[PDB]
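As structure tokens, one chain now follows by itself in the form deposited in one PDB entry.
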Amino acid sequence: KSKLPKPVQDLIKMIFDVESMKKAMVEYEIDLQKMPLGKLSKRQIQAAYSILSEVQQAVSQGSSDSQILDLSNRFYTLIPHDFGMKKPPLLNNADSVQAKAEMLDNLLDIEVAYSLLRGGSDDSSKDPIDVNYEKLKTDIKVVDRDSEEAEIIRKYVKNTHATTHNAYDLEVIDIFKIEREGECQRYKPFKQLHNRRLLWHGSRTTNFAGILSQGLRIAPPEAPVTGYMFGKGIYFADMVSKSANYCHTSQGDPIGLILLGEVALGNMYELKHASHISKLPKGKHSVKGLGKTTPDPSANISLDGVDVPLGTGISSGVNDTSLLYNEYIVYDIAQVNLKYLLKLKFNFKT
């Protein structure tokens, strides 16, 4: 039986839940009879991205239908859905390819996880929890409730959570210190770079095995650019309110996970509107999307050299911005050092 702590073990069970995988799929209207979990493939997901990019181009050009129809059939041939009747939705706009792409991102992480939860020696010497834990290649330690670290984190979560979107309330059930294998010697060279901050990154639970196992990644070339406001990179927030929205929780499954990463921002290229870049200006090492709301700068705290902007949310200088919350994008996976992972309960006000 595992020597790990209940909170950690329970974390393993969460990120490796098959049901959750089939749930996220069925929720996507994916036919589990035509496309069961095991059938999922990386190549297949690549091809699908490519089709979606062709649709974007078609949509942008103003393709004379049929071609927009043939591309739609193609995508639904690759990704088997069950509509029954009324026919599948036509992918003929930005909105459609955007959503279809977000799903492929998720489906990708599910394949990564299922491929892991099914790979390796499935013997009976070590217990399932221990085996799986290893597959993650991540050191997971529980952070004491009554500790300076926990105190800080809880304050960061409490302050950056407001009422203008008070559709729910946040409860920190567990906080873990995390250190992925490799993520250290890879980040080292970037630590010798100013503007290092502790930012948020929320994601569906089903994507966490792939995140811990392979770290946060950047969309592939084949992936359509629509949706990525500031190009293909890694996105973070300084307010749990913006990040917590990517955990996609509901009163049905009120529990989600959210990361806390130390990001070497360097000199930030500040923008107020979407802008595909990837290629920053000389001297710029990241992008900062200016939001209408920022954490009170006077409340900024630090440690080790990492700034924690846990100050309560105030109104930034600019409202001429399209963004409501700030956004931080880095285009090099090594500019990120994941530090903590939180298990949070979302209490919806309804």
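Don't overthink the numbering: it's just position in the shown sequence, from 1. Definition used throughout: the rigid core is the maximal C-alpha set that superposes within 1.5 Å between two forms.
*Asks:* Test of understanding: from the entry's C-alpha B-factors, which stretch has the higher mean, 203-211 or 113-121?
*Replies:* Between 113-121 and 203-211, it is 113-121 that shows the higher mean C-alpha B-factor.
*Asks:* Compare the mean C-alpha B-factor of 257-265 with that of 77-85 as given in the PDB entry, and name the stretch with the higher value.
*Replies:* Higher mean C-alpha B-factor: 77-85.
*Asks:* Among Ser322, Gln57, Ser286, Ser50, where is the Cα temperature factor highest, going by the PDB entry?
*Replies:* If I rank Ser322, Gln57, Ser286, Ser50 by C-alpha B-factor, first place goes to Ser322.
*Asks:* Choose from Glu183, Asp238, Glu151, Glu102 the residue with the greatest Cα B-factor as stated in the PDB record.
*Replies:* Within the set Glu183, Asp238, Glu151, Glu102, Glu183 shows the top C-alpha B-factor.
*Asks:* With respect to C-alpha B-factor, does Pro189 fall in the lowest, middle or highest third of the chain as deposited?
*Replies:* As the PDB entry reports it, the C-alpha B-factor of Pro189 lands in the highest third of its chain.
*Asks:* Among the modelled residues of its chain, does the C-alpha B-factor of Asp174 lie in the lowest, middle or highest third?
*Replies:* Lowest third - that is where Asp174 ends up once the chain's C-alpha B-factors are sorted.
*Asks:* Sorting the chain's modelled residues by C-alpha B-factor, tell me whether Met14 ends up in the lowest, middle or highest third.
*Replies:* Highest third.
*Asks:* Per the entry's values, where does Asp139 land by CA temperature factor relative to the rest of its chain, in the lowest, middle or highest third?
*Replies:* CA B-factor rank for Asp139: middle third.
*Asks:* Quick one: classify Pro281 as lowest, middle or highest third of the chain based on its Cα B-factor.
*Replies:* Within its chain, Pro281 is a highest-third residue by C-alpha B-factor, going by the deposited values.
Another form exists, deposited in another entry; not displayed. Remarks below refer to it.
*Asks:* Superposing on the core, which single option in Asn300, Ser322, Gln44, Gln67 has a CA shift of 2 Å or more between this form and the one not shown?
*Replies:* Going through each option, the one that shifts is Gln67.
*Asks:* Rigid core aligned, does the Cα position of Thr164 differ by 2 Å or more between this form and the one not shown?
*Replies:* Yes, its C-alpha moves 2 Å or more.
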